Every structure is written in C-alpha cells, then in structure tokens.
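The chain below stands alone and is given in structure tokens; this is the form deposited in one PDB entry.
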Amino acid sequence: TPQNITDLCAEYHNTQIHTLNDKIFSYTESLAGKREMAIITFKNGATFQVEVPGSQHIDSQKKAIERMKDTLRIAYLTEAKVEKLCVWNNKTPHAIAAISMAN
C-alpha cells in the first residue's frame, strides 16, 4: 500500500499527476442518462471528470466513485486547495483516480 498520491498513481498504467495547488474553478454535475458524472475545471481550463460507472470499473470502485463526487462538490464549495490529482490520461476529460488536498 502507498503512502501518498504520487506513489499510488504510479501503481496504474495510463496515469499522470497534475499538480494544481489551487481551488476548483468550476464544478459540473449531471444526472442525464449515460452521463451520470461530474466535471471540474481549474482556472487554467484543465478539465477533469469523474467517469460514468462502466464495465472498466470493478464493483469495489462503485462506492468510491460516489464518494469522489461528494468530495469534489465539498471541496469546490469550501474553496479547498487541491494539491494533486492522479488521472487516467487515456480518457478525455482526463478521469480522476485520486485527489490530494493540503492547505
């Protein structure tokens, strides 16, 4: 088990770390069918998604996908600094795998 997001990120293929050190600029959420997902942006336009649950996900990720969306919404509303995101870069928007926040 990893001790930090950078290390956890590197346990997967098709990942990269984005270092933001900034609050979220915009939070978007959708309940439209086949687009049950969230999208966030930062002030420079970099855009990220929490993917729609799909075949690529294993069952244990389902709860976690819901929690991440909970996280992003509260982070946005509290203007919390996001340190890093670990993302899969084989999707557009890059798909969030993990988030770190630090003051």
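One rule holds for the numbers: they count along the sequence shown, beginning at 1. In this text, the rigid core denotes the largest set of C-alpha atoms whose superposition between the two forms falls within 1.5 Å.
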item	value
Residue stretch of maximal mean CA temperature factor, 27-35 vs 49-57	49-57
Between the two ranges 39-47 and 70-78, the one averaging a larger CA B factor in the entry	39-47
Entry-reported Cα temperature factor of residue 96, expressed as the chain third it lands in	lowest
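The form deposited in another entry is left out here; the points below concern that form.
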item	value
Listed options 56, 44, 30, 78; Cα moving by 2 angstroms or more between the shown form and the other one (core superposition)	56
